[PDB]
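Single-letter residue listing:
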Amino acid sequence: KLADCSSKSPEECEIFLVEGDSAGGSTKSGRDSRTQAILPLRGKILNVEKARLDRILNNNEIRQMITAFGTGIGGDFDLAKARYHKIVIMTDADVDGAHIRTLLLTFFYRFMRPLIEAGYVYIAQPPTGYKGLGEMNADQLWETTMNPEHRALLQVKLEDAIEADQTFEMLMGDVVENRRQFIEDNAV
Amino acid sequence: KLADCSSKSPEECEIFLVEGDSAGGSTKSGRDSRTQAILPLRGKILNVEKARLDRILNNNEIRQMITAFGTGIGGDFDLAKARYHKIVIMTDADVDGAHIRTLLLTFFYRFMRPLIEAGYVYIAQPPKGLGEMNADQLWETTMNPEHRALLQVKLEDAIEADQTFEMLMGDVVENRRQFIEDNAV
Amino acid sequence: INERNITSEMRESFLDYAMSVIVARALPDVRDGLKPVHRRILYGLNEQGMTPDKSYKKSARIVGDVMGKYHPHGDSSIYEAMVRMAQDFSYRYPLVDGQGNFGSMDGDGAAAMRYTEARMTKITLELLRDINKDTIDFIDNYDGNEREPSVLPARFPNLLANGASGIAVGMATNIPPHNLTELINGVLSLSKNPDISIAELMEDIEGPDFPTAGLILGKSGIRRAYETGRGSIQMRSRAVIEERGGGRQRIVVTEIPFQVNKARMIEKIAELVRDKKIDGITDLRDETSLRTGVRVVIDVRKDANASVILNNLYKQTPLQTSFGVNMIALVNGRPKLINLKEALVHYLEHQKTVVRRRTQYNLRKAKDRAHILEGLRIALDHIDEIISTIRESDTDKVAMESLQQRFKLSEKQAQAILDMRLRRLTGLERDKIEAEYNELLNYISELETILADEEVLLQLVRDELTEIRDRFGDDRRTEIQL
Amino acid sequence: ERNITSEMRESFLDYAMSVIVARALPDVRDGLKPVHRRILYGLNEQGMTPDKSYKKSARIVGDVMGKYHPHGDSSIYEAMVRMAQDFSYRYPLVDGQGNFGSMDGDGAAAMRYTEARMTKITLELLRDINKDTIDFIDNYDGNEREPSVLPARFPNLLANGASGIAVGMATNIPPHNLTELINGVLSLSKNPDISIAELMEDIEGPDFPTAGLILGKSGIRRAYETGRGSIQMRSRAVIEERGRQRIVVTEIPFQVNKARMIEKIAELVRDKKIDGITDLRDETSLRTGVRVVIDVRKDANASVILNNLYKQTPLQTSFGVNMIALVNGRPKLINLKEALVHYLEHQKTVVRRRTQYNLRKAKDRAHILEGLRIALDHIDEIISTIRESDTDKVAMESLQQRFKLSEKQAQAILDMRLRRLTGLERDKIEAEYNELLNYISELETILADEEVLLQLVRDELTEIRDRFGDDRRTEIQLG
DNA sequence: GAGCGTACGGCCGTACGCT
DNA sequence: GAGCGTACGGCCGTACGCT
Ligand SMILES: NC[C@H](Oc1noc2ccc(-c3ccccc3Cl)cc12)c1ccccc1
Ligand SMILES: NC[C@H](Oc1noc2ccc(-c3ccccc3Cl)cc12)c1ccccc1
C-alpha cells in the first residue's frame, strides 16, 4: 500500500499518511515522487490506548506504519534507522479527520515518542471547504499542501511529558467518566 | 449460503437457485421451509463449456451446488444420492436472467446430465425482477405448489443438445455469431 | 513558527470530533426524535414529493439526492439508516415504505440500493405536516447551496414512539419504542396538569411497546427508567409448551425480544445442544413463514420436563434479554439525561411553538390575501374606469401611480389589478371573489382568537393530537406481566 | 414441460441480442453506448452544465440509475469516470473534480468523494436535443422519457473511439483528430463518390490522447478500407548520455497501464530474460509529464536493448481495429467512409427536424399574436363580450363566434393580463409579430432547398472546428 | 495470452458506550 | 460477552471477443 520515493536519503525524504486510496491517488499524482512517499491507511486505526499489545502488533495498519518508518517500537525504537525525517499526518478537513489525527498521535506518543521529540512528526493543513483530500484535484493539493515552497506544515512539539501522559489517558483511555467530564467542561 | 429445508425426504424436497442475496432474502421469507431449500448464487456463474476442468472444480459457486445436491459429478454422479427431486432455476424475467439460466443449464447438461434425464431440473416463471418483489407475492405466483407454473426441462435429442451447447456456449465465436444473425428478429 | 503543541492539537482535534458526534450524528433531538441522517432522508423524500399516493422511487435515486444536498457522508450510512426506518421489526411506526428485500429478523441485510425502492409512510406526513408554514427554522446545508430543516414539526411524539439507539462520544442513548395511543393520552394528561407525577403518567403509558411484541417481566425496571432516565427492562420471548403426539411435548416460540437476531438465537440453542450444555432437546426447527408468523419449535425428549428446559433456555440464551434504558437526547442543542416527564414536556412545548407559529403564518398570509381581494373588489366594481386609467397610461409604472391615486389603492393592490386576467371579468368570478373574501374574514377572526388566548391554542394542540391518535393509534403488542 | 434445446436457443438469443443492441456496442450516429448516453442526458436534465458548479457523483449515478439505467452503480460510475479521463477520451465528455484515476491504473475514488459536470464539447453532443431533432422512447419502467440517440453535432464515434466486448462480436475503434475528421466529413459532403484514399488526405490515421507513434500506413489503410486491421503503436523513447547512456520514455501506447508496463520490464530484468538494464525508475510528475528512465550498463548497446524492450513488453502494442457499431439498430462491420456517411446523414436529419420544429413553434406563436392583435384592436367589444359571459366556457364560445378566433387564440385572450392594454404593449406585440414572419420565411427557404441547408451546416461546423479543433498528438512514421 | 469495457454479483476492517 | 447503529475505510469473483 506504500508508494515510496526514489531518494534513500532520510534527511530529505518525507512520508504522507492519508485516510484512504481516495486521497492516496490524488496525493500520488500531486507529489514530488523523488522525496515524497505516501502510505494510505484504511479508515479509523486501532486506539492503542484501549487495545491490548497482542492485537496492536497483529494489526495490519500498525504493522505497515512500523515497516515504512523502519525504526521498530518501544525499547527497540532506533531514531537513526528512521527512513523519513518528516512523517506528515494529512487527514481530511472534517471531524472524522480530527479523530484519525488523535488516533495516530496516540500511537506515535505511546510507541514512538522519540520521533515526536526529534520533531519528525508534522500535521499538514489542507484548505477547508472541500469534503476531504479525495475531493481535491492533484494540481491544487500539491500547490496548497505538499509543495515545500507554499505549504504550511505544523511541527508537533511535546512540551510537558507529565501533562501529555494525563491528556492521552483521559481522551483515549478506557475510563469514560474522565473523557465525558472533559467534554462537558470544554463544551462551547 | 444454503438455507436448507427441515424434511430429509428428497422425494418431496425442492431447492431454488436465485441470482443473489437480494432474491435470496425475499425467497427465504416466502418459502415453505419444511420442503423448500434456497441456494443464492453470486451473479454470472462459470461457463463450464469454455472453462478448463481445474478452474471448474476450484470454483466456489460450482462447489456449493455439487455439495447441496450431494450427487457428485461426471462418472461418480449417483442419481439415488440426490438430496432434492426438484432443482428449480429461478432467475429474473430479464436478459441477464436468461444468461444465468443458459450458464446453469450448460453446467447441469455437461456434469449432471442424468439429473435432467430423471426430470429433476425445472425453470420457475416469475410473473421488473423478483429481487424487487415482496415475499407474500413471490410465494403466491412462483413458489406455492397450489398456483405456481414450473417448466420441467425435458431432453429429447441428445445429439442435437450436444451441438446446441457447443454452438452457444463453446469457444468457437463464428458458429455463435451465425446462429444470432440467422435467428435475429 | 509552523509549530504545534501535541497536547493543544489532541485537545482541540478530539473536542471537534466528540462535539460533532454528539450534536450532529449519534443523538436524536428531543422534539422530532430524529438524528441528522434520519431528518435529511425524510426531508429529501418530501422535497421530491415521494408521498404515499405517488409510486415507489429507486433507493439509489433517494440516497444520491440526500448525499448531494444535505448529508455529505457515505452512501452506506444513509441507505442503512433508511432501511431501518422501513423495517416493521425495527420501527414500531415505520417512517419509510419499502418495496423489495429490506432484510428480515434473521439479520440478513437489505438488498443493495440498486435493487430496492421506497417512499413516505402515511404517518411520516404527520412528521412533515406544516413544514412549509414557517413552523420550524431552516438553516444552510453543509456547502451553503441548499436550505435544510433544523427540526421537523413532528405532529406525533416520535422520540418515544419509535425510540432511538446511538453510540456517541462520552455518552450513548437507548430509548425503547412506545404505544402511540398510550403516549398521546400521556401528553393530553400532562397538557391538562403541568404538575402531574410520573406515577400518574404511567396510568396512560404502561411501559415500552416493542414492534416484535413479546413480554416484559414486572414494572420495577420500567418505573426506574421513567423516574431517572436509566433502568434495566427484562424482555422475554412468548413461548408455550404443547403436546406433539405420542405423549411427547415441545416448546413453541412465536415472539422474540426486541433487536434479538432470530437466526443467531437459534444457532446459540443448537450450539448448547451440540456441546451437551443443556439437557432434553431432541430437535430444533424454525417453522417461521409469512402465513404462520414467527414459529421456532424445540422438541423435548419423552422423559424430560419441558418447563425446566424452558427456564434453562431463558437463563442460557437471548430467549430472555435485558433492554438497557439510557434516555439521552438533545435539549436546546445539548445532550441531557431526561425522565419520561421531561421528554413529554419538551415535546408538548415543541407542539405549542409549531401551532403558534403556523397560526401567526396563516394570519400573515390571510391578511395579505384579504388586502389583495379588497383591491380586486374595487377593480371589478369600477372595471370601466380601471380599463380607461390603464389604457391612457403609457407604461406599467404610470398605470400603477394612476390606479393608486385615482382609487386609493396600495402598490400591492395596483400590482394585483395589473396582473388580473380578462377571464376574471365574467359574472360568476365577481361572486367567487366575494365568497372567498367573507370566508377569509371569519378565518382571520378565528386565528386572532387562538393568538389572544393560550388556552384556545393549547386546546387546538390537544384536538390535533387526538385526531392523530384516532387515525394512527393501535393496540399494545408487548404484554407487561405484573 | 420445456424442451432443453428450445430453452437454450431462446434464452441465449434474448441475452446475446440485448448485449449487442443495448449494452456493449455504440450507435454509429452519436458514438455512445446506452450507459454513456443516459449519463450525458442525466447531466443535461439536471442542468449540470460547464457554467454551473460540480455536483456529487453519487447524486448523478443515483439519478441515472433511478430514471434511465436499471443496472449496477459501479457499471454507471466507472463509465462516467472514463469519459472524464484525458488519457482515455481524446475529447473528454465529463469534467471531473477529484481523484478520477491516473495512467498507472489506480481507480477513481468512490462516487462519495468525486464531483462532475459536462465539458464545453458535451454541449455540442446535446445541442438542440429539446427541438424534436431525435426520437424519445419510454425508459425501462415507463415512468420517464429518454433519448434513443443524441444530436451529436460533432462526429463522436471516430473522435473518442469505442471498445466493447458483446456476444458473437466485439468492437474496437481508435480515437481520431477532430479537425482531420471534420475536414473528412466536409470532403465527403462535397463528393459522395470520394475514395478512402482521398479521405485519408484529411484523416491521416488514429490520434490517441496518449500521443506516441504509429509504425506505417499499412495497418491504418487496411482498417479504414475493410473495418479490420492491426495498427502498431510505439512508445516515444530516445537514447541519451546520463559516459553511460539511458533510454527515456515520454509517451506510452494507448490503453497501456504505465505501472503494469514498468513491472513487466522489472520482471524481465529480475528473471534475467533481457540483458543490459542496470536500473528502472518512473520519474513521471504532473510538472515534468511522463518520464520512465531505463539505465543501460556501460558499453552495452542501448539501441539493441530498446528493440528487445519493444519485442518483449507493452512498450510496443498492437491496436486491433474491429469497426463494429449499430446501424439502423443492427451491428455492422463498417469502413471509414460508411461511418462518416452515416454521421453526415444523421446531421442532415437533425438540422432538417430542428428547422421543421422551429417553424412549427414560430407558426403556433404567430397564430397566438394574430389573436392578441385582433383583441387589442377591438378591446372595448372584447371586454363587454367577457363581462356578459357567466362562465369561462361561455366567454370562449362568444369570443370564437363574434371575432372568428380559434380555441387557442380565445384561451390566449382570456389569459391576457390588463397591463397588456397600455400604449407601448400594442407596439411591442406587433414588433414581435413582424420579426416572427421574417423568421418563418427564413425557415421555409431552408426546408425548400436541400442545398441551402448544406451551406449553413458548413458555417456551423467551421465555428465548432475553430472553437474545439486541436493539433495531432500521435506521430505516424512512414516506412 | 490477457486485458480492453459494460454487465451479473459478493465479502471484510476500524471508533464509540453500554449491557 | 457481543453487537447495537452512524461514521471512516478496504478486497474478491463471473461473461463476452479479439489480438
Ligand atoms: N448535564 C451533564 C452532561 O452534559 C454534557 N455531557 O457532555 C456534554 C458536552 C457538551 C455539552 C454542552 C454544554 C453547553 C453548551 C453546549 C454543549 Cl454541546 C453538555 C454536555 C450530561 C451528559 C450525559 C447525560 C446527562 C448529562
Ligand atoms: N449486418 C451484417 C451482420 O449482421 C449481424 N451479425 O450478427 C447480428 C446479430 C443481430 C443482428 C440483427 C438483425 C436484425 C435485427 C436486429 C439485429 Cl441486432 C444482425 C447481425 C454482421 C456480421 C458480422 C459482423 C458484423 C455484422
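- Method of determination, as annotated in the archive: X-ray crystallography, at 3.40 Å resolution.

- By the naming in the PDB entry, chain B goes by DNA gyrase subunit B,DNA gyrase subunit B and is assigned to Staphylococcus aureus.

- Taking the PDB entry as the reference, chain A is identified by name as DNA gyrase subunit B,DNA gyrase subunit B belonging to Staphylococcus aureus.

1. Remarks on the pattern of salt bridges
Pairs can form between side chains of opposite charge once their charged atoms are near each other.
Residues and elements named next belong to chain C.
Turning to step 1, where the next piece is worked out: For the structure on display, the rule yields 113 salt bridges over all chains.
Turning to step 2, where the next piece is worked out: For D65, the salt bridge identified is with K69, shortest N-O distance 2.8 Å. In this pair, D65 and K69 both sit in helix α3 (residues 59-69), 4 residues apart, roughly one turn of the helix. As far as the burial class goes, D65 and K69 line up, both buried.
Turning to step 3, where the next piece is worked out: Taking the shortest distance from any N to any O, the salt bridge between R369 and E436 comes out at 2.8 Å.

2. As for the packing of aromatic side chains
Turning to step 1, where the next piece is worked out: Per the stated rule, a full pass over the model turns up 19 aromatic pairs over all chains.
Turning to step 2, where the next piece is worked out: Centre to centre, the rings of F107 of chain A and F108 of chain A are 5.7 Å apart; their planes meet at 45 degrees, and the pair counts as tilted. The two residues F107 of chain A and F108 of chain A agree in class, both being buried.
Turning to step 3, where the next piece is worked out: Among the aromatic residues, those joined into a cluster by ring pairs are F69, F107, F108 and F111 of chain A.
Turning to step 4, where the next piece is worked out: Seen from the ring of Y54 of chain D, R117 of chain D lies directly overhead, with NZ or CZ sitting 3.7 Å from the centre.
Turning to step 5, where the next piece is worked out: A cation over a ring is seen here: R373 of chain D above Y433 of chain D, with NZ or CZ 4.3 Å from the ring centre.

3. Focus on the protein's contact with DNA strand E
Turning to step 1, where the next piece is worked out: Around DNA strand E sit 40 residues in total, of which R179 of chain A together with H36, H69, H71 and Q255 of chain D are the nearest.
Turning to step 2, where the next piece is worked out: Take the atoms of DNA strand E that sit within 4 Å of the protein: sugar and phosphate atoms are 80% of them.
Turning to step 3, where the next piece is worked out: A distance of 3.0 Å separates a phosphate oxygen of DNA strand E from a polar side-chain atom of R230 of chain C.
Turning to step 4, where the next piece is worked out: Those elements that place two or more of their residues in the surface near DNA strand E are α8 (176-186) of chain A, α1 (21-30) of chain B, β15 (320-326) of chain C together with α2 (34-45), α4 (73-83) and β7 (162-165) of chain D.
Turning to step 5, where the next piece is worked out: When residues of the surface near DNA strand E are assigned to their parent elements, the largest contribution, 3 residues, is made by α4 of chain D.
Turning to step 6, where the next piece is worked out: Tallied by class, residues from the surface near DNA strand E come to 10 nonpolar, 16 polar and 14 charged.

4. Digging into the packing of helix α13 (residues 379-387) of chain D against helix α14 (residues 392-403) of chain D
Axes are the key here: two packed helices are described by the angle between their axes and the distance separating the axes.
Residues and elements named next belong to chain D.
Turning to step 1, where the next piece is worked out: Where α13 meets α14, the closest approach of the two axes is 9 Å, and the angle between their N-to-C directions is 145 degrees. In this structure, the crossing between α13 and α14 has a hand that is right-handed. Where α13 approaches α14, its residues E381, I382, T385 and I386 are matched on the opposing element by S398, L399 and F403.
Turning to step 2, where the next piece is worked out: Classifying every residue of the contact of α13 with α14 by side-chain character gives 4 nonpolar, 2 polar and 1 charged.

5. Thoughts on the site of ligand 2
Turning to step 1, where the next piece is worked out: Taken together, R177, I180 and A184 of chain B together with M17, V21, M169, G329, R330, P331, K332 and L333 of chain D form the complete shell of residues around ligand 2.
Turning to step 2, where the next piece is worked out: Flanking ligand 2 are residues from chains B and D.
Turning to step 3, where the next piece is worked out: One of the backbone nitrogen or oxygen atoms of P331 of chain D is found 3.4 Å away from a nitrogen atom of ligand 2.
Turning to step 4, where the next piece is worked out: Notes on ligand 2: free accessible area 550 Å², of which the protein chains cover 76%.

6. Let's talk about the interface of chain C and chain B
Turning to step 1, where the next piece is worked out: Each partner contributes to the interface: chain C provides 13 residues, whereas chain B provides 13 residues.
Turning to step 2, where the next piece is worked out: For the side of chain C that touches chain B, the residue count by class is 3 nonpolar, 6 polar and 4 charged.

Cut-offs applied
Numbering of residues starts from 1 on every chain and follows the written order of that chain's sequence, so it may differ from the entry's own numbering; residues lacking coordinates are omitted. Chains carry letters from A onward and ligands carry numbers from 1 onward, assigned in written order. Only hydrogens and water are set aside when side-chain values are computed; all heavy atoms of the structure are taken into account. Residues with missing side-chain atoms are left out of burial classes, side-chain pairs and their counts. Criterion for a salt bridge: a side-chain nitrogen of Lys or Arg within 4 Å of a carboxyl oxygen of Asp or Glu. Helical segments are the DSSP runs of H or I of at least four residues, strand segments are the runs of E of at least two, and each set is numbered from the N terminus. We call a residue buried when its accessible area falls under 20% of the maximum for its residue type, exposed when it is over 50%, and partly exposed in between, using a 1.4 Å probe and counting protein chains only. Pairs were defined over the aromatic rings of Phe, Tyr and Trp, the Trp ring being its six-membered one, requiring ring centres within 6.5 Å. Orientation was assigned from the angle between planes: stacked under 30 degrees, edge-to-face over 60, tilted for the rest. We call a charge positioned above a ring when the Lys NZ or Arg CZ atom is no farther than 6 Å from the ring centre and deviates by at most 35 degrees from the ring normal. To be near a molecule or strand, a residue needs just one of its heavy atoms within 4 Å of it. N or O atoms closer than or at 3.5 Å make up a polar contact, with two conditions inside protein: a donor-capable atom paired with an acceptor-capable one, and, for residues adjacent in sequence, both atoms drawn from side chains. We call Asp, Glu, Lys and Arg charged. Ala, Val, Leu, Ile, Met, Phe, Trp, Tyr, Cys and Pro are nonpolar, and the rest, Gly among them, are polar. For helices, the fitted line uses only the C-alpha atoms of the stretch in contact; every axis is such a line through C-alpha atoms, and the angle between N-to-C directions lies from 0 to 180 degrees. A clockwise turn of the near helix away from the far one marks a right-handed crossing, whereas an anticlockwise turn of less than a right angle marks a left-handed crossing. Two residues qualify as a contact provided that any one of their heavy atoms is within 4.5 Å of a heavy atom in the partner residue. Residue burial considers only the protein chains on display, and all accessible areas are found by Shrake-Rupley using a 1.4 Å probe.

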